[PDB]
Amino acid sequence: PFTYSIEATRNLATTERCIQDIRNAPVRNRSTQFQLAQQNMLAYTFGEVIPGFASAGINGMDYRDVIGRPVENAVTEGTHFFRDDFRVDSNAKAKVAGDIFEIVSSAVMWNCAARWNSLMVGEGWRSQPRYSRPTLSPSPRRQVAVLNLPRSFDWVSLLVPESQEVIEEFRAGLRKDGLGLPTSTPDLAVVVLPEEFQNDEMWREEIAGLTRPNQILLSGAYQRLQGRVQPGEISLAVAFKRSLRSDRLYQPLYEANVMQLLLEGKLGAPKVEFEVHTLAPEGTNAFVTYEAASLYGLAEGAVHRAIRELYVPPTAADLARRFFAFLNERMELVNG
C-alpha cells in the first residue's frame, strides 16, 4: 500500500516483489545484484491510490514525498528480506524515480481528463475529492485524451495522414541533401479527442490505482490515437524531469523548437504549448533558460517562448488544478 505494510509485503508472490534478487542469475556487462521492479513498486504503492484523487492527506502532501514513496517502500522490503546483503546503485534509484515521476504525474492527468470529459458529455462534475467546477460550457467536441508516450516514439505519428505527408515532402527533401529534421517525443501529449471517439466511454472513466492492468491501459493509449490528430489538435506537450541540472535542460527546449517549426511554420497550427515539470529546479538558471524564444519563429520574421513555463508542483492537488485550469481556458478555442 502507500504506507508500507509488512503484511501486504509478505502477501506478495515472489515475482510481485519490489526487489528482485538476481545474484544467481547475472547479466552480461552488468554487476546488478538486486533489481528495483518499477512496475511492481507502482502496483504496491499506488495500487489503490492516484494522488490528487485519494485522501486529503495524500492529495495535499509534498509531491516530492509522494513520488519518493515507491523507492522508500522497496528499500524497506529489500532490507527486511536481505538484511546486510541488500544493495542497489544510486543509479538504479535514479532511473526508477524518474519513471515513477512521469508515470504518476501522467496518471493524475488521466483522471483529470476523465472527469473533464464526463463533464463535457453532460454527465455533471464529480465531487470526490472536490475541485472547483470549470465554467466553460460543456461540449463533446471539447473532450481530450492524455497520452503518455512510449520510449522510442516519434510524435509525428499522432498526426493525420495528410499532415504527416506534408512533413515528409519536407524531410525527404532535406535528407536527399545530406541533412534532415528528425523528431523524437515529449514525455506526454494532450490532444483533442477525435470526433470518432467522442461517444466512447473509456475516455471518461477514472482509474482507482496503478495496477498492472491500469498501467497498460494508460501506457498503451497513444496507439488508439495514432494517425488521428489534426495539427491544431495537439493542445499540450509535457516533459517531466524529477530534478534539473544545467546540462539536462535542452532536449525539451530543442524538441519544442522543432515542434513549432513543423506545426506552426509548416502546418499553420497556432502556438504550440509545451511545458516542463520538475520537483527540484536546484536554483534559478532553469527558469531563465526556459525564457528563450522559439528560433524558427525568430529567424523567419509574432514570436513567443519555445517553452511556456517551468512548473514545480507542490502537491498532486495543485497538478490537477493546474491542468483543470489549463483545459478550462485552452478548450474555449474549440468550437464545441
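Heads up: residue numbers just count along the shown sequence, starting at 1. By rigid core we mean the largest C-alpha set that fits within 1.5 Å across both forms.
Rigid core fits of the other structures in 5 other deposited structures of this protein place the C-alpha atoms of one stretch farther away on average; of 319-327 and 14-22, that stretch is 14-22. Taking the rigid core as the alignment reference, the C-alpha atoms of 165-173 lie farther on average from the displayed form in 5 other deposited structures of this protein than those of the other stretch among 165-173 and 208-216. Compared with other deposited structures of the same protein, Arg308 does not meet the criterion of being unmodelled in at least one third, since all of those that resolve residues on both sides include it.
Across the other compared structures of the same protein with both neighbouring residues present, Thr289 carries coordinates in every case, with no third of them leaving it out.
Unmodelled residues of the deposited sequence between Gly301 and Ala302: 1 to 3. Between the stretches 55-63 and 24-32, it is 24-32 that shows the larger average CA temperature factor. Stretches 274-282 and 291-299 differ in mean C-alpha B factor, with the higher average recorded for 291-299.
Among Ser132, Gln251, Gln215, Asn91, the highest C-alpha B-factor in the deposited entry belongs to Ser132. If you compare the C-alpha temperature factors of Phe81, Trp155, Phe240, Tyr222 in the entry, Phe81 comes out highest. Among all modelled residues in this chain, the alpha-carbon of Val166 has a temperature factor (C-alpha) in the middle third. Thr315: CA B factor in the lowest third of modelled residues in this chain (values from the PDB entry).
Compared with the other modelled residues of the chain, the Cα B-factor recorded for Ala269 ranks in the highest third. In the PDB entry, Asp200 places in the highest third of its chain by CA B-factor. In the deposited entry, the Cα temperature factor of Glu255 places it in the lowest third of its chain's modelled residues.
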